[PDB]
């Protein structure tokens, strides 16, 4: 690549899960590789993680997990975002743990297990307060009654019971101890109606890094696997011992001199104060560069951190080097490692008024990924 590409370090990835493994000594690890691994490459990161000690693999959509098996990845895998008509049968045949939050899901899977002549491994999801997916406390008895019954009929096998936190990245939030308590009480009742789960889990990356009383048998870690801290309130990847996996770089396409008082970019939302040097970065919002980052986004050009000049276009944006010099083809680092003096996904989150989760995840397809580290077959 010469215009813009993403450099993924697989050694950073492996070291992260080894760090996270130590953080929860008595628990099992679940590397979440959903959404193309938050933009780093689903399969490469799935193999690296697993190699480093990942016992489970989790994704959102059935398609995402199927594609994981398609690439010959063994071990326990699980998905949780189903919609009526999903590929229940296919998932069951590949021995993937599908999740259930309602009777409709349970009924769809039970019928699929029949056609497949096999038993689906299912995990019941408790809605302990997030109010997103999962079963409400008011319908827990009912759904729990059906599982054990569908279990007796040998059609399904309840392998686990799980929930998910709403403000776990906000240390001290009252909503946290609530859900955690509601989790225990819901688990008891189900464990009493004839359910012996293979795994018990509720924690995510922030919960994992903060509350041990929430580790149980398994922990589902996503973002931290990529060396990005869930929130500033928890620390920088550096303080967390996490190492950034992606480095986004580009080459300048033009460097010119313009008189003082010259407008730059759409809407001329930036006017040159004095005759200066204007560089051109060939990466716009279609490549994943937030347009709300207009005027703030940091770029590492010529030994100094520069700022987005004016509006950010679909394909490119300009930067004012001032007195400094540079030429077409030169390297620019839009986001990378804080330990290398470069900008980070957090820096851009703040610049764009969003979160580090969005920054990395929304990095386009038009942008090639280049792998380094891990083993050779990982780079596929």
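Numbering follows the first chain given and starts at 1.
Between 268-276 and 136-144, the higher mean Cα B-factor belongs to 268-276. In this entry, 179-187 has the higher mean Cα B-factor, the comparison being between 179-187 and 201-209. Across 172, 288, 129, 72, the entry's maximum B-factor at the CA atom is seen for 172. Of the candidates 45, 52, 30, 321, it is 321 whose Cα B-factor is highest according to the PDB record. Among the modelled residues of its chain, residue 315 has a C-alpha B-factor that falls in the middle third, as given in the PDB entry. Sort the modelled residues of the chain by CA B factor and residue 155 lands in the middle third. In this PDB entry, the Cα temperature factor of residue 334 sits in the middle third of its chain's modelled residues. Sorting the modelled residues of the chain by their CA temperature factor places residue 164 in the middle third. Ranked by C-alpha B-factor against the other modelled residues of its chain, residue 34 falls in the lowest third.
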